[PDB]
Ligand SMILES: CCCCCCCCCC(=O)N[C@@H](CCO)C(=O)O
Ligand SMILES: [Zn+2]
Ligand SMILES: [Zn+2]
């Protein structure tokens, strides 16, 4: 009925201009933000939520030089942060995983997807379709021959693991509502809100369709009012200071 353990796994970092976490701010200060993956230990097996950054980001802060985000996004990734290495240190190989869940196919969430060539990768149809043509998607995040499990809308992965369709930040973004043995209800917003203030205070942040993103935040607030979960945001430096991280779990 519940997930046995929910692990927060640091998967490197990325510098992002602060105007991407609060659209009102003047550009020109970068923030060193966490990149997360999550590992769910379930009765049916281990499930990995997101896959970190692509190998091209390893020791390559200048990855986005020459692109429309030059100077605004700089990966902070070492060899240790490649998802296969993270998993091996934790105690898994890619073919051990039951599912991969892609919140969305942005570069720091699906950069590791190519490592999983057998495991089904659960991703929203609207996200998959966007990734095929929109400029903000890297080739590494939309590789053609992976075992995609394309879904549409809300979806129950296994008992205790619910996906909530939360488009706006990206065209097919999805968040997770998890029931854990130790903590009960947990909401992982992922990038439906980078920070607590994006969520609680509806502070605008980077997104494909900010209006739609706000509607998804409103939807999540309805879920929160009903379920009273503990809530974790996508790239929140303040919250990171108090997060239990691997080998601790919730
Ligand atoms: C030109 C190749 C792709 C350029 C990537 C554009 C960035 C799109 C927005 C994005 O992926 N933001 C990241 C946060 C900062 O790394 C995210 O959604 O987590
Ligand atoms: Zn994103
Ligand atoms: Zn993100």
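Each residue's number is its place along the chain shown, starting with 1.
Technique stated in the header: X-ray crystallography, 1.5 Å.
Quick reminder: no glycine exception, Cβ is built from N, Cα and C everywhere.
What Swiss-Prot records for 104, 106, 169, 191 is Zn(2+) 1 binding site, and it gives similarity to another entry as the kind of evidence. Within the same chain, residues at least six positions away from residue 106 (Zn(2+) 1 binding site) with a Cβ under 8 Å of its Cβ are 136, 137, 141, 170, 191.
Residues annotated as Zn(2+) 2 binding site in Swiss-Prot, with similarity to another entry given as evidence: 108, 109, 191, 235. Following the DSSP three-state reduction, the secondary structure of residue 109 (Zn(2+) 2 binding site) is helix. Taking a C-beta cut-off of under 8 angstroms and a sequence separation of 6 or more, residue 109 (Zn(2+) 2 binding site) has the following same-chain neighbours: 50, 51, 52, 102, 103, 141, 190, 191.
Summary: among the binding-site residues (108, 191), the fewest other C-beta atoms within 10 A of the C-beta are counted at 191. Long-range Cβ proximity for residue 169 (Zn(2+) 1 binding site), meaning a same-chain Cβ under 8 A and a gap of 6 or more residues, is found for 104, 191, 192, 205, 206, 207, 208, 213, 216. Most other Cβ atoms within 10 A: among the binding-site residues 104, 235, that distinction falls to 104.
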